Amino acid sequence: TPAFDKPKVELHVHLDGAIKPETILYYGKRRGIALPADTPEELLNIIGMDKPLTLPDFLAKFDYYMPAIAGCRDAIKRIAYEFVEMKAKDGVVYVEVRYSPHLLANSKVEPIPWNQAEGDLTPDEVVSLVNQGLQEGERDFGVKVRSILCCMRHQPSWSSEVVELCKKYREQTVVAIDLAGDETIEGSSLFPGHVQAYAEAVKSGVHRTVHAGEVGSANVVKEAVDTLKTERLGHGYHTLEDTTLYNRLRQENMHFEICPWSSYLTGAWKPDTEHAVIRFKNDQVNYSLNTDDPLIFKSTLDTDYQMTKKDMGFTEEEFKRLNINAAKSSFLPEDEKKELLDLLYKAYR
């Protein structure tokens, strides 16, 4: 009813798509930007999807709300905080949250995002503020939280400062680097920018995830494993298109960060098909359940859980093992990771 009331782990959720409708009206109103509408209510319904659209119809969503938050220090910090209490309500005990620091900035970034005017919020103090509110979320709401800073495909030039933001803000709360945005652009996993950033990540012990095979071919996953050296995959559905690659990843115990509900809504999965997750369930792969963008997809974690237990016969035993897998493949230090494990066993039995 909730499908699974037991603590949970989430490894794959974007901050900048888990923003309360109510607080976007609050900052659009207080700053000029003025959204396409002005009850909370009527706002969620347009900035949210119920059906697949195209890529530019998807990005335009960002184009309503982002400029109302980006570039206000006030806002950056609250959304971080409000993110943590949103997760306490889902029953999460540990989450990793990801975002691009450049996309919330308005100076020392080129271009300037969202066609904002120039201010003085730089990439590097955005990571400082999210960290703040993420920490005081932690200690008010009971949810252990870390973060992930996203590289953007289209912009290899930002990547090297992503990886240095990762190193400078190390366990306080940044634990990994990611690559997001549009794995359709040719060759983008092999751009020199992204490549040397992941090399520097390897060099300096920052953990790695990549979004790959959501909408891209299995060759994009292969680029992610062999050349970017990821430790985990965002989505990775398209690895199923290549069977040796799939079998090998299974042997290697790769972690797949699955977004079930996300997948239907985006078009990455078409409901006339096998869901990739049930395959992963039947093959006992290492995967997690995640909601990706609850603002956009209209959703909550328990949405993912309900869709998996209703439409695909998951059971309570699977749900527990997948959260155990999630924890094991989390990017915590080994010590805090054993304590997380122990916690879950004790409440799973």
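Residue indices: 1-based, along the sequence shown.
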Mean C-alpha temperature factor, higher of 27-35 and 64-72: 27-35
122-130 set against 213-221, stretch whose average Cα temperature factor tops the other in the entry: 122-130
Residue with maximal Cα B-factor (values as given in the PDB entry) among 109, 228, 265, 149: 109
Peak C-alpha temperature factor (PDB record), options 235, 208, 77, 102: 77
Chain-relative CA temperature factor third for residue 334: highest
CA B-factor ranking of residue 292, expressed as a third of its chain: lowest
Modelled-residue ranking by C-alpha temperature factor, third containing residue 285: middle
Residue 144 by Cα B-factor - lowest, middle or highest third of the modelled chain: middle
Where the record places residue 186 (Cα B-factor, split into thirds across the chain): highest
